[PDB]
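One file, model_31.cif, carrying mmCIF, C-alpha atoms:
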data_entry
loop_
_atom_site.label_atom_id
_atom_site.label_comp_id
_atom_site.auth_asym_id
_atom_site.auth_seq_id
_atom_site.Cartn_x
_atom_site.Cartn_y
_atom_site.Cartn_z
CA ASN J 1 -21.86 -6.32 -7.09
CA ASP J 2 -19.34 -5.84 -9.87
CA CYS J 3 -18.18 -2.22 -9.58
CA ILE J 4 -20.90 -0.56 -7.42
CA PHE J 5 -19.50 1.17 -4.33
CA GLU J 6 -21.56 2.50 -1.43
CA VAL J 7 -21.62 6.22 -0.68
CA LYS J 8 -22.80 6.97 2.84
CA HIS J 9 -23.58 10.41 4.23
CA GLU J 10 -24.70 11.34 7.79
CA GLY J 11 -26.45 8.03 8.51
CA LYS J 12 -28.16 7.85 5.11
CA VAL J 13 -27.04 5.69 2.21
CA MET J 14 -26.92 8.39 -0.41
CA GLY J 15 -26.02 6.74 -3.63
CA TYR J 16 -23.12 5.20 -5.43
CA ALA J 17 -19.98 6.51 -7.04
CA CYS J 18 -18.22 4.85 -9.92
CA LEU J 19 -14.67 4.88 -11.18
CA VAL J 20 -14.70 4.27 -14.96
CA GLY J 21 -11.83 5.02 -17.32
CA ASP J 22 -10.12 8.00 -15.75
CA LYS J 23 -13.17 9.40 -13.93
CA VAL J 24 -14.84 9.03 -10.60
CA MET J 25 -18.39 10.16 -11.24
CA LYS J 26 -21.09 10.91 -8.73
CA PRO J 27 -24.33 12.91 -9.10
CA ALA J 28 -23.80 16.52 -8.04
CA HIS J 29 -27.10 16.79 -6.19
CA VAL J 30 -26.45 14.02 -3.64
CA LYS J 31 -24.44 15.73 -0.91
CA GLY J 32 -21.74 14.06 1.16
CA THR J 33 -18.71 11.85 0.80
CA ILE J 34 -17.75 8.38 -0.49
CA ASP J 35 -16.72 6.35 2.57
CA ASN J 36 -13.05 5.72 1.69
CA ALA J 37 -10.61 8.47 2.67
CA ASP J 38 -8.29 7.89 -0.31
CA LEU J 39 -11.08 8.91 -2.71
CA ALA J 40 -12.61 11.61 -0.45
CA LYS J 41 -9.61 13.96 -0.74
CA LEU J 42 -9.64 14.49 -4.50
CA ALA J 43 -10.48 17.67 -6.39
CA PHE J 44 -14.03 17.21 -7.68
CA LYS J 45 -15.51 19.39 -10.40
CA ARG J 46 -19.23 20.19 -10.41
CA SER J 47 -21.41 20.68 -13.49
CA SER J 48 -24.95 21.88 -12.86
CA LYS J 49 -25.86 21.46 -16.54
CA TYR J 50 -25.49 17.69 -16.28
CA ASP J 51 -25.87 17.45 -12.46
CA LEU J 52 -22.53 15.65 -12.65
CA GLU J 53 -19.49 15.44 -10.36
CA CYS J 54 -16.20 14.30 -11.89
CA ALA J 55 -12.72 13.57 -10.56
CA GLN J 56 -9.41 12.14 -11.73
CA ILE J 57 -8.90 8.50 -10.64
CA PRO J 58 -5.71 7.99 -8.56
CA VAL J 59 -2.95 5.97 -10.19
CA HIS J 60 -2.88 2.89 -7.92
CA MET J 61 -6.60 2.28 -8.53
CA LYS J 62 -6.59 2.75 -12.34
CA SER J 63 -6.68 -1.02 -12.85
CA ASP J 64 -9.85 -1.30 -10.74
CA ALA J 65 -11.96 0.58 -13.28
CA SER J 66 -14.92 -0.79 -15.18
CA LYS J 67 -14.62 -1.03 -18.93
CA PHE J 68 -16.93 1.06 -21.11
CA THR J 69 -18.08 1.21 -24.72
CA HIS J 70 -19.47 3.76 -27.15
CA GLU J 71 -21.73 1.05 -28.62
CA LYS J 72 -25.33 0.91 -27.35
CA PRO J 73 -27.33 -1.76 -29.21
CA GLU J 74 -31.07 -2.09 -28.74
CA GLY J 75 -32.05 -4.90 -26.41
CA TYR J 76 -32.01 -5.92 -22.78
CA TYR J 77 -29.34 -4.87 -20.33
CA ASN J 78 -28.37 -5.65 -16.78
CA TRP J 79 -28.38 -3.69 -13.58
CA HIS J 80 -28.27 -4.60 -9.90
CA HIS J 81 -31.99 -5.41 -9.77
CA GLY J 82 -32.40 -7.14 -13.12
CA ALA J 83 -33.26 -6.51 -16.75
CA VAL J 84 -33.34 -3.01 -18.27
CA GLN J 85 -34.97 -2.49 -21.64
CA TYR J 86 -33.20 -0.17 -24.08
CA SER J 87 -35.20 0.82 -27.15
CA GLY J 88 -36.10 4.03 -28.90
CA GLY J 89 -33.23 5.78 -27.18
CA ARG J 90 -34.93 5.04 -23.87
CA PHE J 91 -33.84 2.92 -20.96
CA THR J 92 -36.91 1.59 -19.18
CA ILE J 93 -37.65 -0.38 -16.04
CA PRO J 94 -40.75 -2.14 -14.62
CA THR J 95 -43.23 0.39 -13.25
CA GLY J 96 -42.98 0.38 -9.45
CA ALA J 97 -39.53 -1.27 -9.32
CA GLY J 98 -37.94 2.23 -8.99
CA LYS J 99 -35.98 3.07 -5.83
CA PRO J 100 -35.03 6.60 -4.73
CA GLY J 101 -31.44 6.42 -3.45
CA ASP J 102 -29.93 4.24 -6.20
CA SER J 103 -29.13 7.20 -8.50
CA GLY J 104 -25.53 6.85 -9.68
CA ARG J 105 -25.48 3.08 -10.15
CA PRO J 106 -24.23 2.15 -13.65
CA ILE J 107 -25.97 0.41 -16.54
CA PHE J 108 -23.79 -2.16 -18.29
CA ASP J 109 -23.88 -4.32 -21.41
CA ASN J 110 -23.67 -8.06 -22.02
CA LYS J 111 -19.90 -7.90 -21.48
CA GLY J 112 -20.34 -5.89 -18.30
CA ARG J 113 -19.10 -2.71 -20.00
CA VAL J 114 -20.91 0.35 -18.61
CA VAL J 115 -22.78 2.47 -21.13
CA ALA J 116 -24.65 4.97 -18.90
CA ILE J 117 -25.30 6.31 -15.40
CA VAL J 118 -28.91 6.59 -14.14
CA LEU J 119 -30.25 9.79 -12.62
CA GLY J 120 -33.94 9.01 -12.31
CA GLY J 121 -37.18 8.03 -13.98
CA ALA J 122 -40.55 9.17 -15.32
CA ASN J 123 -43.78 7.26 -14.37
CA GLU J 124 -46.33 8.31 -17.41
CA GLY J 125 -45.24 6.11 -20.28
CA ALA J 126 -45.86 2.37 -20.15
CA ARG J 127 -42.72 1.52 -18.13
CA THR J 128 -40.49 3.72 -15.98
CA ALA J 129 -38.37 5.79 -18.40
CA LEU J 130 -34.90 6.62 -17.05
CA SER J 131 -33.10 9.94 -17.25
CA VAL J 132 -29.42 9.04 -17.78
CA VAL J 133 -25.99 10.42 -18.72
CA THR J 134 -24.03 8.64 -21.47
CA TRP J 135 -21.49 9.23 -24.24
CA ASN J 136 -22.52 9.92 -27.84
CA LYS J 137 -19.78 10.63 -30.45
CA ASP J 138 -17.39 10.48 -27.45
CA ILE J 139 -19.17 13.46 -25.85
CA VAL J 140 -20.91 13.01 -22.51
CA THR J 141 -24.53 14.14 -22.70
CA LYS J 142 -27.55 13.98 -20.41
CA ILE J 143 -30.84 12.65 -21.78
CA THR J 144 -33.78 13.47 -19.51
CA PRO J 145 -37.41 12.72 -20.34
CA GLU J 146 -39.93 15.42 -19.46
CA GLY J 147 -41.52 15.16 -16.03
CA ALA J 148 -38.83 13.06 -14.33
CA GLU J 149 -38.47 12.98 -10.55
CA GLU J 150 -35.23 12.95 -8.60
CA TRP J 151 -34.28 9.66 -6.92
CA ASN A 1 -2.74 -11.91 18.84
CA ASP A 2 -3.15 -11.36 22.56
CA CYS A 3 -2.16 -7.76 23.44
CA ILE A 4 -1.76 -5.90 20.11
CA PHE A 5 -3.49 -2.60 19.23
CA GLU A 6 -3.79 -0.64 15.98
CA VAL A 7 -3.22 2.99 14.94
CA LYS A 8 -4.64 4.36 11.67
CA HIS A 9 -3.91 7.42 9.51
CA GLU A 10 -6.01 8.49 6.47
CA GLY A 11 -7.60 5.06 6.04
CA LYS A 12 -4.32 3.13 6.11
CA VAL A 13 -3.01 1.38 9.19
CA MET A 14 0.27 2.95 10.20
CA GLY A 15 1.70 0.32 12.42
CA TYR A 16 0.63 -0.44 15.95
CA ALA A 17 0.82 1.00 19.44
CA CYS A 18 1.16 -1.18 22.51
CA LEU A 19 0.39 -0.95 26.19
CA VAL A 20 3.38 -2.45 28.03
CA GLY A 21 3.69 -2.42 31.81
CA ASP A 22 2.25 0.95 32.79
CA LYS A 23 3.25 2.43 29.42
CA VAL A 24 1.46 3.40 26.21
CA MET A 25 4.09 3.02 23.55
CA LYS A 26 4.25 4.27 19.97
CA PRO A 27 7.03 5.28 17.58
CA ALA A 28 7.06 9.04 17.05
CA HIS A 29 7.54 8.60 13.29
CA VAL A 30 4.11 6.96 13.01
CA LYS A 31 2.04 9.84 11.71
CA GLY A 32 -1.61 10.34 12.50
CA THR A 33 -3.90 9.74 15.45
CA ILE A 34 -5.07 6.59 17.19
CA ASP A 35 -8.67 5.95 16.16
CA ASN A 36 -9.72 5.03 19.71
CA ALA A 37 -10.66 8.09 21.77
CA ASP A 38 -9.29 6.94 25.15
CA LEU A 39 -5.72 6.85 23.81
CA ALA A 40 -5.71 10.04 21.69
CA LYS A 41 -6.20 12.37 24.70
CA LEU A 42 -3.30 11.44 26.98
CA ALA A 43 -0.34 13.71 27.63
CA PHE A 44 2.35 12.47 25.24
CA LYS A 45 6.04 13.29 25.56
CA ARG A 46 8.30 13.21 22.52
CA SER A 47 11.87 11.96 22.41
CA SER A 48 13.55 12.63 19.07
CA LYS A 49 16.68 10.58 19.85
CA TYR A 50 14.61 7.45 20.39
CA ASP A 51 11.69 8.37 18.05
CA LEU A 52 9.36 7.75 20.96
CA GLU A 53 5.95 9.14 21.95
CA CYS A 54 4.97 8.44 25.54
CA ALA A 55 1.83 8.25 27.68
CA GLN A 56 0.65 6.87 31.01
CA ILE A 57 -1.93 4.05 30.68
CA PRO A 58 -5.40 5.08 31.93
CA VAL A 59 -6.89 3.08 34.80
CA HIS A 60 -9.56 1.41 32.62
CA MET A 61 -6.86 -0.36 30.57
CA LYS A 62 -4.55 -1.37 33.45
CA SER A 63 -5.93 -4.90 33.59
CA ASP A 64 -5.23 -5.36 29.86
CA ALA A 65 -1.46 -4.86 30.06
CA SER A 66 1.23 -7.32 29.01
CA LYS A 67 3.87 -8.51 31.44
CA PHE A 68 7.47 -7.65 30.53
CA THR A 69 10.99 -8.42 31.70
CA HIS A 70 14.33 -6.62 31.68
CA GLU A 71 16.39 -9.82 31.37
CA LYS A 72 17.00 -10.95 27.77
CA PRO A 73 19.16 -14.08 27.43
CA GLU A 74 20.36 -15.20 24.02
CA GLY A 75 18.01 -17.49 22.11
CA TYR A 76 14.88 -17.28 20.00
CA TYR A 77 11.97 -14.97 20.65
CA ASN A 78 8.50 -14.51 19.21
CA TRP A 79 6.62 -11.96 17.19
CA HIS A 80 3.36 -12.08 15.25
CA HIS A 81 5.04 -13.32 12.05
CA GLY A 82 7.19 -15.98 13.68
CA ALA A 83 10.60 -16.48 15.23
CA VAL A 84 13.12 -13.71 15.91
CA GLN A 85 16.71 -14.72 16.58
CA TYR A 86 18.64 -12.92 19.32
CA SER A 87 22.31 -13.77 19.55
CA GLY A 88 25.54 -11.84 19.80
CA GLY A 89 23.72 -8.68 20.72
CA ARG A 90 21.90 -8.82 17.39
CA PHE A 91 18.26 -9.60 16.67
CA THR A 92 17.41 -10.77 13.15
CA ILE A 93 14.45 -12.24 11.23
CA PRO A 94 13.91 -14.01 7.90
CA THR A 95 13.90 -11.56 5.00
CA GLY A 96 10.28 -10.97 4.04
CA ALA A 97 8.82 -11.57 7.50
CA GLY A 98 8.58 -7.79 7.94
CA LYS A 99 7.07 -5.13 5.71
CA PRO A 100 5.80 -1.51 6.04
CA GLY A 101 3.16 -1.68 8.77
CA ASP A 102 4.76 -4.09 11.22
CA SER A 103 6.52 -1.36 13.26
CA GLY A 104 4.84 -1.43 16.66
CA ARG A 105 4.41 -5.19 17.05
CA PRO A 106 5.94 -6.23 20.37
CA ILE A 107 8.63 -8.88 20.57
CA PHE A 108 8.17 -11.26 23.47
CA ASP A 109 9.91 -14.21 25.07
CA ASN A 110 8.90 -17.80 25.82
CA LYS A 111 7.03 -16.72 28.96
CA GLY A 112 5.02 -14.15 27.01
CA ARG A 113 6.88 -11.21 28.53
CA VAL A 114 7.56 -8.48 25.98
CA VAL A 115 11.25 -7.56 25.89
CA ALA A 116 11.48 -5.13 22.96
CA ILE A 117 9.57 -3.07 20.41
CA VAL A 118 10.44 -3.01 16.70
CA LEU A 119 11.08 0.31 15.01
CA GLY A 120 12.50 -0.93 11.72
CA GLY A 121 15.09 -3.05 10.02
CA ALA A 122 18.19 -3.39 7.85
CA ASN A 123 18.22 -6.06 5.16
CA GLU A 124 21.56 -7.91 5.23
CA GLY A 125 20.78 -10.35 2.42
CA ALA A 126 19.29 -13.68 3.52
CA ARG A 127 18.10 -12.24 6.85
CA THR A 128 17.16 -8.79 8.16
CA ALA A 129 18.66 -7.35 11.38
CA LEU A 130 16.19 -5.13 13.18
CA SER A 131 16.72 -1.65 14.52
CA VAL A 132 14.95 -1.70 17.90
CA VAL A 133 14.74 0.21 21.19
CA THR A 134 14.91 -1.92 24.33
CA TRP A 135 16.00 -1.76 27.91
CA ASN A 136 19.43 -1.80 29.53
CA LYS A 137 19.80 -1.02 33.26
CA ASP A 138 16.04 -0.24 33.07
CA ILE A 139 16.76 2.61 30.60
CA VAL A 140 15.42 2.62 27.05
CA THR A 141 18.18 2.59 24.44
CA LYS A 142 18.12 2.54 20.66
CA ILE A 143 20.20 -0.07 18.83
CA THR A 144 20.33 0.55 15.09
CA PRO A 145 22.35 -1.53 12.63
CA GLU A 146 23.69 0.36 9.62
CA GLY A 147 21.29 0.77 6.71
CA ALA A 148 18.01 0.32 8.58
CA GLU A 149 14.62 1.01 7.01
CA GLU A 150 11.45 1.73 8.99
CA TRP A 151 8.78 -0.95 8.93
#
Spell out the structure here as structure tokens.
Amino acid sequence: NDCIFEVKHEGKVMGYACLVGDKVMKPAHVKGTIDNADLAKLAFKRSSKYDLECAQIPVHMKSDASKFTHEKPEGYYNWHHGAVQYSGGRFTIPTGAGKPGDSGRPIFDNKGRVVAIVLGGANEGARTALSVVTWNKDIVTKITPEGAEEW
Amino acid sequence: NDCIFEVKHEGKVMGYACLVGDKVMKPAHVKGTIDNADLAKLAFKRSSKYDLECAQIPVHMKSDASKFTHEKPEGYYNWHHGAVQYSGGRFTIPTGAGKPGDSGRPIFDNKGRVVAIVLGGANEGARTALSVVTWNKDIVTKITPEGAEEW
């Protein structure tokens, strides 16, 4: 629990939304609303290409945002449930650790600076390979391995 | 904290409403709806002169009501944030004891009988003199010192 915020929709916990920099980002495919009315009233823009939902952060909450970085070194990273291996341009997780519902939770570095948002994972490598959105040459881009299932 | 009840509008509390005698009392300037369904459905009457919204207490809340009294001798009184001086026909409080949100707290005497409801206040330097509606010959009357701000 550093920046993760619960999104709840019609009885079901349906993911997490994150305010980072000037954006509130949430996966477009998870329907419903973040359970604080101040956020819930903003103009959200949908992109099907990235399955991304983006919004402008309100002013009085700007200082609550997580830091970010363009730098993604190879190594181990942290998320809510433990270590995340990054190598080969792939974020990976222990096979079977995966949990449908957690899509939208951030991945962060050794200084707690978020580098990517997880969308899901693919079960036929060696470890679970994550499909994620992240910024390369300051451009947001989605990297999705073939045969990934929605979480 | 014995007989004090909220009212909330778009996630933010917007002051308080109070059941007093056989009365449901709320300032009219408090925007929004009480987030408890028994209160929101009564017949409310507006008075613009007094900024008052009025309702009859339902039977199921009758045994929760605060005692009151019409007689207000000079002295000190109580509210949630401490002492309130009444003397000279003027009620005042220490500057900083009140802030946006405290409108709706009842003011009560040493026998726990509510004598007045706060609508707002005028800072006069070291202390703040409240604008309040209260009773004279059993009739509600608004007393407002010059330069009063809503709380």
**Study point:** Surrounding residues of residue 151 in chain A excluding itself and chain neighbours under 4 positions, 12 Å, only C-alpha atoms, as number ranges by chain
**Key:** A: 14-16, 27, 29-30, 96-105, 117-123, 128, 130-132
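Here is the contact set of chain J against chain A, at 9 Å and counting only C-alpha atoms: residues 36, 37 and 38 of chain J.
The smallest atom-to-atom distance between residue 77 in chain A and any of A:41, A:31, A:23, A:111, using all atoms listed in the file, is found for A:111.
With CA of residue 129 in chain J on one side and CA of residue 150 in chain J on the other, the separation reads 12.5 Å.
Taking only C-alpha atoms into account, residue 94 in chain J lies nearest to J:127 out of the set J:127, J:72, J:142, J:67.
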Point to revise | Distance of CA of residue 8 in chain A from CA of residue 66 in chain J, expressed in Å to one decimal place | key: 29.2 Å
Review point. Between A:115, A:126, A:73, A:107, which has the minimum distance to residue 95 in chain A (counting only C-alpha atoms)?
Key: A:126
Here's the selection I'm unsure about, the PyMOL selection byres ((chain A and resi 83) around 10); applied to the file above, which residues does it give, as a short mmCIF file (atom, residue, chain, number, x, y, z; two decimals) with C-alpha atoms, in the frame of the given file?
data_model
loop_
_atom_site.label_atom_id
_atom_site.label_comp_id
_atom_site.auth_asym_id
_atom_site.auth_seq_id
_atom_site.Cartn_x
_atom_site.Cartn_y
_atom_site.Cartn_z
CA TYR A 76 14.88 -17.28 20.00
CA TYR A 77 11.97 -14.97 20.65
CA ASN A 78 8.50 -14.51 19.21
CA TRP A 79 6.62 -11.96 17.19
CA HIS A 80 3.36 -12.08 15.25
CA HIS A 81 5.04 -13.32 12.05
CA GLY A 82 7.19 -15.98 13.68
CA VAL A 84 13.12 -13.71 15.91
CA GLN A 85 16.71 -14.72 16.58
CA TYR A 86 18.64 -12.92 19.32
CA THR A 92 17.41 -10.77 13.15
CA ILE A 93 14.45 -12.24 11.23
CA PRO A 94 13.91 -14.01 7.90
CA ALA A 97 8.82 -11.57 7.50
CA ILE A 107 8.63 -8.88 20.57
#
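Closest approach to residue 50 in chain J among J:21, J:1, J:133, J:7 is made by J:133 (distances from only C-alpha atoms).
If you measure from each of J:90, J:68, J:139, J:25 to residue 114 in chain J using only C-alpha atoms, the closest one turns out to be J:68.
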Exercise for review: Starting from the point (-5.0, 6.6, -10.8), work out which residues of protein, DNA or RNA have an atom no more than 12 Å away when counting all atoms listed in the file; state them as a list in words.
Suggested key: residues 19, 20, 21, 22, 23, 24, 38, 39, 42, 55, 56, 57, 58, 59, 60, 61, 62, 63, 64 and 65 of chain J
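A straight line drawn from CA of residue 53 in chain J to CA of residue 108 in chain J is 19.8 Å long.
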Exercise for review: Name the residues in contact with residue 28 in chain J at a cut-off of 9 Å, using all atoms listed in the file, excluding same-chain residues fewer than 5 positions from it; report them as a VMD selection string.
Suggested key: chain J and resid 46 to 48 50 to 54
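Distance check against residue 134 in chain A using only C-alpha atoms: of A:110, A:45, A:116, A:40, the minimum falls on A:116.
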